[PDB]
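Architecture and fold: a report
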Amino acid sequence: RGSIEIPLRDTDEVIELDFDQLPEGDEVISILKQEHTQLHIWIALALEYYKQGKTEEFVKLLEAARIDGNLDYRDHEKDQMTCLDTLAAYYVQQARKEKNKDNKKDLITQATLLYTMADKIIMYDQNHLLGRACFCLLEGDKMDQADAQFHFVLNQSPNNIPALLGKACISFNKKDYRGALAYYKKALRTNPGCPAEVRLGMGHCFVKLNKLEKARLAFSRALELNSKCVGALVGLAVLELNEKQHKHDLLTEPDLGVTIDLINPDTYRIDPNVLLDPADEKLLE
(Lines give C-alpha, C1' and ligand atoms only; values in the text may rest on other atoms or scores of the structure.)
Protein backbone atom coordinates (compact mmCIF):
# COMPACT_ATOMS: atom_id res chain seq x y z
CA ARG A 1 0.00 0.00 0.00
CA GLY A 2 2.93 2.34 0.65
CA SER A 3 5.30 3.74 3.26
CA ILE A 4 6.96 7.04 4.21
CA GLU A 5 10.53 7.80 5.23
CA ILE A 6 11.14 9.82 8.39
CA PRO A 7 14.73 11.15 8.52
CA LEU A 8 16.21 10.61 11.93
CA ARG A 9 17.80 13.83 13.09
CA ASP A 10 21.63 14.12 13.23
CA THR A 11 21.98 10.87 11.26
CA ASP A 12 22.09 9.37 7.79
CA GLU A 13 19.39 6.84 8.78
CA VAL A 14 15.60 6.87 8.38
CA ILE A 15 12.61 5.05 9.88
CA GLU A 16 9.93 3.76 7.50
CA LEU A 17 6.27 3.72 8.54
CA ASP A 18 4.17 1.20 6.65
CA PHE A 19 0.79 2.69 5.74
CA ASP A 20 -0.90 -0.63 6.51
CA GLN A 21 0.91 -0.50 9.89
CA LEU A 22 0.02 3.07 10.86
CA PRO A 23 0.99 3.61 14.53
CA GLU A 24 -1.17 5.31 17.09
CA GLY A 25 -1.62 8.90 16.02
CA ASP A 26 -0.10 10.17 19.26
CA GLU A 27 3.17 8.26 18.99
CA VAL A 28 3.77 9.27 15.37
CA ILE A 29 3.50 12.89 16.55
CA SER A 30 6.11 12.41 19.29
CA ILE A 31 8.38 10.82 16.68
CA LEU A 32 8.06 13.68 14.20
CA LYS A 33 8.46 16.05 17.14
CA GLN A 34 11.54 14.19 18.43
CA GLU A 35 13.21 14.07 15.02
CA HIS A 36 12.23 17.68 14.19
CA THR A 37 10.59 16.46 11.01
CA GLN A 38 9.96 19.00 8.26
CA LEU A 39 6.36 20.11 7.84
CA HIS A 40 5.91 18.45 4.45
CA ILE A 41 6.30 14.99 6.01
CA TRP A 42 3.74 15.72 8.77
CA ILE A 43 1.25 16.64 6.03
CA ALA A 44 1.95 13.48 4.03
CA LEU A 45 1.32 11.28 7.04
CA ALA A 46 -1.83 13.21 7.96
CA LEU A 47 -3.40 12.82 4.51
CA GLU A 48 -2.68 9.09 4.60
CA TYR A 49 -4.58 8.82 7.87
CA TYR A 50 -7.38 10.80 6.21
CA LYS A 51 -7.46 8.32 3.32
CA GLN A 52 -7.50 5.33 5.67
CA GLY A 53 -10.56 6.92 7.29
CA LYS A 54 -8.49 7.64 10.45
CA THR A 55 -9.82 11.16 10.71
CA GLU A 56 -8.95 12.29 14.26
CA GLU A 57 -5.41 11.07 13.65
CA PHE A 58 -5.39 13.33 10.58
CA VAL A 59 -6.70 16.36 12.52
CA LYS A 60 -4.33 15.93 15.43
CA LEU A 61 -1.29 15.42 13.20
CA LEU A 62 -1.84 18.71 11.34
CA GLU A 63 -2.73 20.75 14.41
CA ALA A 64 0.47 19.44 16.01
CA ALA A 65 2.44 20.29 12.85
CA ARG A 66 1.49 23.95 13.28
CA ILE A 67 3.68 23.96 16.43
CA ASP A 68 6.47 21.43 15.82
CA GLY A 69 6.49 20.99 12.07
CA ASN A 70 10.00 22.16 11.16
CA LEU A 71 10.11 24.94 8.53
CA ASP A 72 13.86 24.95 7.84
CA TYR A 73 13.60 24.44 4.10
CA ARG A 74 12.89 26.20 0.82
CA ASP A 75 9.15 26.46 0.02
CA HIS A 76 8.00 25.69 3.58
CA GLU A 77 5.48 28.51 3.08
CA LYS A 78 3.58 26.48 0.53
CA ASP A 79 3.36 23.67 3.09
CA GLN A 80 2.03 26.06 5.70
CA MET A 81 -0.73 26.95 3.23
CA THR A 82 -1.50 23.28 2.64
CA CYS A 83 -1.58 22.69 6.42
CA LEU A 84 -3.81 25.65 7.34
CA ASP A 85 -6.15 25.42 4.32
CA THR A 86 -6.58 21.66 4.79
CA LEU A 87 -7.37 22.12 8.48
CA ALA A 88 -9.87 24.86 7.55
CA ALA A 89 -11.44 22.78 4.80
CA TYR A 90 -11.90 19.85 7.15
CA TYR A 91 -13.56 21.94 9.86
CA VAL A 92 -15.95 23.28 7.22
CA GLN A 93 -16.91 19.74 6.22
CA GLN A 94 -17.52 18.84 9.87
CA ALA A 95 -19.55 22.02 10.19
CA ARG A 96 -21.97 21.00 7.43
CA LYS A 97 -22.65 17.63 9.10
CA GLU A 98 -22.70 18.79 12.73
CA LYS A 99 -26.13 19.28 14.33
CA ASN A 100 -25.25 21.00 17.62
CA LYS A 101 -25.68 24.64 16.57
CA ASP A 102 -23.17 25.80 19.20
CA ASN A 103 -20.60 23.21 18.07
CA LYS A 104 -21.12 24.11 14.41
CA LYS A 105 -20.42 27.79 15.14
CA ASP A 106 -17.08 26.81 16.71
CA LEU A 107 -16.05 24.79 13.68
CA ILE A 108 -16.83 27.83 11.51
CA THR A 109 -14.77 30.03 13.82
CA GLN A 110 -11.80 27.67 13.61
CA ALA A 111 -12.03 27.65 9.80
CA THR A 112 -12.32 31.45 9.77
CA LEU A 113 -9.22 31.98 11.92
CA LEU A 114 -7.23 29.47 9.85
CA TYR A 115 -8.13 31.16 6.54
CA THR A 116 -7.35 34.61 7.98
CA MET A 117 -3.87 33.54 9.03
CA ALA A 118 -3.23 31.63 5.79
CA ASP A 119 -4.02 34.96 4.10
CA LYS A 120 -0.87 36.39 5.72
CA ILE A 121 1.45 33.75 4.23
CA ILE A 122 0.67 33.35 0.51
CA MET A 123 -2.23 35.73 -0.12
CA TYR A 124 -3.21 34.31 -3.53
CA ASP A 125 -2.26 30.63 -3.34
CA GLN A 126 -4.63 28.85 -5.73
CA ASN A 127 -5.80 26.24 -3.20
CA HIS A 128 -6.22 28.98 -0.60
CA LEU A 129 -8.52 30.99 -2.90
CA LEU A 130 -10.48 27.79 -3.62
CA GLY A 131 -10.88 27.40 0.14
CA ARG A 132 -12.04 30.99 0.65
CA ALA A 133 -14.35 30.62 -2.36
CA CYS A 134 -16.09 27.49 -1.08
CA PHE A 135 -16.17 29.12 2.36
CA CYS A 136 -18.07 32.04 0.83
CA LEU A 137 -20.63 29.58 -0.52
CA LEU A 138 -20.90 27.99 2.94
CA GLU A 139 -23.11 30.85 3.85
CA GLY A 140 -23.74 34.44 2.95
CA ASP A 141 -24.54 36.47 0.03
CA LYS A 142 -20.88 36.08 -0.67
CA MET A 143 -22.00 34.43 -3.93
CA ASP A 144 -20.40 37.26 -5.91
CA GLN A 145 -17.23 36.94 -3.84
CA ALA A 146 -17.01 33.18 -4.31
CA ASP A 147 -17.69 33.62 -8.02
CA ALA A 148 -14.81 36.04 -8.41
CA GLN A 149 -12.34 33.71 -6.70
CA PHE A 150 -13.40 30.65 -8.71
CA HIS A 151 -13.27 32.72 -11.89
CA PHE A 152 -9.82 34.03 -11.13
CA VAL A 153 -8.59 30.46 -10.62
CA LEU A 154 -9.83 29.47 -14.09
CA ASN A 155 -8.01 32.52 -15.47
CA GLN A 156 -4.87 30.66 -14.36
CA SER A 157 -5.97 27.02 -14.49
CA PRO A 158 -8.86 26.51 -16.93
CA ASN A 159 -9.07 22.77 -16.16
CA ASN A 160 -9.10 23.11 -12.35
CA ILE A 161 -11.91 20.76 -11.30
CA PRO A 162 -12.83 22.49 -7.98
CA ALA A 163 -13.21 25.84 -9.73
CA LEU A 164 -15.42 24.39 -12.46
CA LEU A 165 -17.64 22.68 -9.90
CA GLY A 166 -17.79 25.94 -7.99
CA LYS A 167 -18.79 27.89 -11.12
CA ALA A 168 -21.43 25.27 -11.99
CA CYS A 169 -23.00 25.55 -8.53
CA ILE A 170 -23.03 29.36 -8.67
CA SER A 171 -24.41 29.27 -12.22
CA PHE A 172 -27.27 27.02 -11.08
CA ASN A 173 -28.17 29.27 -8.14
CA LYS A 174 -28.46 32.21 -10.53
CA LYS A 175 -30.49 29.86 -12.75
CA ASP A 176 -28.18 29.90 -15.76
CA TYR A 177 -28.50 26.13 -16.04
CA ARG A 178 -27.08 25.87 -19.51
CA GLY A 179 -23.87 27.36 -18.08
CA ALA A 180 -24.05 25.16 -15.00
CA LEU A 181 -24.44 22.07 -17.17
CA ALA A 182 -21.53 23.11 -19.37
CA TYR A 183 -19.29 23.53 -16.30
CA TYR A 184 -20.31 20.13 -14.91
CA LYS A 185 -19.84 18.59 -18.32
CA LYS A 186 -16.36 20.04 -18.68
CA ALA A 187 -15.43 18.79 -15.22
CA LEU A 188 -16.42 15.22 -16.08
CA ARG A 189 -14.90 15.27 -19.54
CA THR A 190 -11.64 16.65 -18.16
CA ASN A 191 -11.37 14.23 -15.20
CA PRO A 192 -13.35 11.06 -16.08
CA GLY A 193 -12.50 9.70 -12.64
CA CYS A 194 -14.28 12.42 -10.70
CA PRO A 195 -16.69 11.77 -7.76
CA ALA A 196 -20.11 10.26 -8.38
CA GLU A 197 -21.75 13.48 -7.20
CA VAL A 198 -20.60 15.28 -10.35
CA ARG A 199 -23.38 13.50 -12.29
CA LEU A 200 -25.72 14.31 -9.42
CA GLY A 201 -25.29 18.03 -10.05
CA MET A 202 -25.61 17.39 -13.76
CA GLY A 203 -28.93 15.71 -12.98
CA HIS A 204 -30.28 18.86 -11.33
CA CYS A 205 -29.27 20.90 -14.38
CA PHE A 206 -30.87 18.24 -16.58
CA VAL A 207 -34.08 18.69 -14.55
CA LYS A 208 -34.38 22.49 -14.67
CA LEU A 209 -33.25 22.47 -18.23
CA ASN A 210 -36.32 20.43 -19.10
CA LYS A 211 -34.37 17.39 -20.29
CA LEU A 212 -36.14 14.97 -17.96
CA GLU A 213 -34.56 11.93 -19.56
CA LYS A 214 -30.78 12.24 -19.09
CA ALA A 215 -31.75 13.72 -15.73
CA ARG A 216 -32.62 10.15 -14.75
CA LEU A 217 -29.52 8.70 -16.42
CA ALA A 218 -27.41 11.23 -14.50
CA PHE A 219 -28.95 10.31 -11.13
CA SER A 220 -28.56 6.62 -12.03
CA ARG A 221 -24.89 6.93 -12.98
CA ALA A 222 -24.29 8.50 -9.55
CA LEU A 223 -25.88 5.56 -7.69
CA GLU A 224 -23.97 3.16 -9.93
CA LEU A 225 -20.68 4.71 -8.82
CA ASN A 226 -21.67 5.21 -5.16
CA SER A 227 -24.91 3.47 -4.18
CA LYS A 228 -24.87 5.55 -0.98
CA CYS A 229 -25.48 8.72 -3.02
CA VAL A 230 -28.66 10.06 -1.51
CA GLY A 231 -29.70 13.26 -3.30
CA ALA A 232 -29.79 11.14 -6.46
CA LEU A 233 -32.17 8.65 -4.86
CA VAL A 234 -34.20 11.73 -3.92
CA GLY A 235 -33.71 12.89 -7.50
CA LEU A 236 -34.96 9.76 -9.21
CA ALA A 237 -37.72 9.17 -6.67
CA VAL A 238 -39.19 12.58 -7.65
CA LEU A 239 -39.06 11.94 -11.38
CA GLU A 240 -42.10 9.82 -10.39
CA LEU A 241 -44.26 12.91 -9.89
CA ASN A 242 -44.63 15.12 -13.01
CA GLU A 243 -45.06 25.72 -11.65
CA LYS A 244 -43.95 22.07 -11.72
CA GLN A 245 -40.39 23.44 -11.46
CA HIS A 246 -40.70 24.36 -7.76
CA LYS A 247 -41.22 20.91 -6.28
CA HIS A 248 -37.70 20.29 -7.56
CA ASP A 249 -36.49 23.50 -5.92
CA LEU A 250 -36.60 22.34 -2.31
CA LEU A 251 -35.29 18.83 -2.62
CA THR A 252 -32.12 20.39 -4.03
CA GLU A 253 -29.51 21.33 -1.45
CA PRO A 254 -27.74 24.66 -2.17
CA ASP A 255 -24.49 22.84 -3.05
CA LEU A 256 -26.68 20.67 -5.31
CA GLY A 257 -25.34 17.69 -3.35
CA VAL A 258 -21.89 18.23 -4.90
CA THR A 259 -19.24 18.64 -2.24
CA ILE A 260 -16.00 20.08 -3.58
CA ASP A 261 -13.16 18.10 -1.93
CA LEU A 262 -10.36 20.44 -0.85
CA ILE A 263 -8.74 17.93 1.54
CA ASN A 264 -7.81 14.81 -0.46
CA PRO A 265 -5.39 15.83 -3.23
CA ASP A 266 -6.31 12.59 -5.04
CA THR A 267 -10.04 13.14 -5.64
CA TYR A 268 -9.44 14.99 -8.92
CA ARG A 269 -5.99 13.69 -9.87
CA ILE A 270 -6.19 12.79 -13.56
CA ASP A 271 -4.85 9.36 -14.48
CA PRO A 272 -4.22 9.54 -18.25
CA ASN A 273 -5.20 5.86 -18.44
CA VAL A 274 -8.75 6.24 -17.12
CA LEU A 275 -11.06 6.68 -20.09
CA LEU A 276 -14.58 8.04 -20.32
CA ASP A 277 -16.95 5.16 -19.67
CA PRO A 278 -19.99 4.97 -21.99
CA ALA A 279 -22.59 5.80 -19.38
CA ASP A 280 -20.89 9.17 -18.83
CA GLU A 281 -20.28 9.53 -22.56
CA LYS A 282 -24.03 9.37 -23.15
CA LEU A 283 -24.66 12.07 -20.53
CA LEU A 284 -22.13 14.30 -22.25
CA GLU A 285 -23.82 14.45 -25.70
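Parameters at a glance
- Residues numbered from 1 in each chain as written, not as in the entry; some residues may be left out.
- Heavy atoms only, no water.
- Helix = DSSP H or I, 4+ residues; strand = E, 2+ residues; numbered from the N terminus.
- Rg over C-alpha atoms; globule rule 2.2 N^0.38 Å.
- Buried < 20%, exposed > 50% of the residue type's maximum accessible area, 1.4 Å probe, protein only.
- Areas by Shrake-Rupley, 256 points an atom, 1.4 Å probe, with all protein chains shown as cover.
- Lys, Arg positive; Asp, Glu negative; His and termini not counted.
- Charge placed at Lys NZ, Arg CZ, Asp CG, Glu CD.
- Salt bridge = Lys/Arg side-chain N within 4 Å of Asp/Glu carboxyl O.
- Polar contact = N/O pair within 3.5 Å; in protein donor to acceptor, adjacent residues only side chain to side chain.
- Contact = heavy atoms within 4.5 Å.
- Axes fitted to C-alpha atoms, helices over the stretch in contact; angles between N-to-C directions.
- Parallel < 35°, antiparallel > 145°, perpendicular 65-115°, else oblique.
- Left-handed = near helix turned anticlockwise from the far one by under 90°.
- Pairing = 2+ DSSP bridges.
- Expected span 1.5 Å × (residues − 1).
- Patch = residues over 30% accessible without salt bridge, like charges linked within 9 Å, V, L, I, M, F, W, Y side chains within 5 Å.
- Core = buried A, V, L, I, M, F, W, Y, C linked by side-chain atoms within 4.5 Å.

Looking at the method and resolution fields of the entry, one finds X-ray crystallography and 2.531 Å.

1. Considering the overall build of the protein chain
In terms of helices and strands, the protein chain carries 13 helices and two strands. Here the C-alpha radius of gyration of the protein chain, 21 Å, is about what a compact globule of 285 residues would show, namely 19 Å. Once the C-alpha set of the protein chain is aligned to its principal axes, its extents read approximately 70 × 40 × 40 Å. The proportion of buried residues among the 285 residues of the protein chain is 46%. Surface accessibility of the protein chain: about 15200 Å² in total, with carbon and sulfur atoms responsible for 50%. For the protein chain, the distance from the average site of its 36 positive side-chain charges to the average site of its 46 negative ones is 10 Å.

2. What to know about the side chain of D79
Here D79 shows up in helix α4 (residues 76-97). The buried charged residue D79 lacks any salt bridge, with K78 as its nearest oppositely charged partner at 6.4 Å. Within the structure, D79 has its side chain in polar contact with the side chain of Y73 (distance 2.5 Å). Not counting residues within four places of it along the chain, the set of residues in contact with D79 comprises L39, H40, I43 and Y73.

3. Some words on the packing of helix α6 (residues 126-138) against helix α7 (residues 143-154)
Relative to each other, α6 and α7 sit at 155°, their axes nearing to 8 Å. Between α6 and α7, the angle is such that the two are roughly antiparallel. Seen along the crossing, α6 lies across α7 with a hand that is left-handed. Contacts between α6 and α7 pair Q126, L129, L130, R132, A133, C134, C136 and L137 from the former with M143, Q145, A146, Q149, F150, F152 and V153 from the latter.

4. Section: the pairing of strand β1 (residues 3-7)
In regular strands, side chains alternate between the two faces of the sheet. Alternating positions in β1 separate cleanly, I4 and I6 being buried on one face and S3, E5 and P7 remaining unburied on the opposite face. Two successive antiparallel strands, β1 and strand β2 (residues 14-18), enclose a turn made up of six residues, where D10 displays a positive phi of approximately 60°.

5. A word on the pattern of salt bridges
A full pass over the atoms with the stated rule returns 15 salt bridges. The closest approach of N and O atoms between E48 and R1, which form a salt bridge, is 2.7 Å. Here the residue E48 occupies a position in helix α2 (residues 39-51), and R1 occupies one in the segment before β1, the gap between them amounting to 47 residues. Among the ionic pairs, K282 bridges to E285, the shortest N-O distance being 3.0 Å. For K282, a relative accessible area of 40% gives the class partly exposed. When salt bridges that share partners are traced, they join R199, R221, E224, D277 and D280 into one network.

6. Comments concerning helix α3 (residues 55-68)
Since there are 3.6 residues in each turn of an α-helix, residues three or four apart along the chain are aligned in direction. Across its 14 residues, α3 extends 20 Å between first and last C-alpha, which sits within 8% of the 20 Å expected from 1.5 Å per residue. Taken as a whole, α3 has its buried residues at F58, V59, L61, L62, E63, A64 and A65. Residues of α3 that are buried in the fold lie against α1 (25-34), α2, α4 and α5 (101-119).

7. Side note on a negative patch on the surface
Together, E5, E16, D18 and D20 give the surface a local cluster of negative charge. Positionally, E5 belongs in strand β1.

8. As for the nonpolar core
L45, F58 and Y184 are the most contacted members of the largest nonpolar core, which totals 87 residues. Top element by residues in this core is α4. It accounts for ten residues. Ignoring anything within four residues of it in the chain, the contact list for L45 reads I4, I6, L17, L22, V28, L32 and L61.

9. Brief notes about the pairing of β2
Where β1 meets β2, five bridges bridge the pair, whose relative direction is antiparallel. Among the inter-strand pairings, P7 is bridged to a residue of β2, identified as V14.

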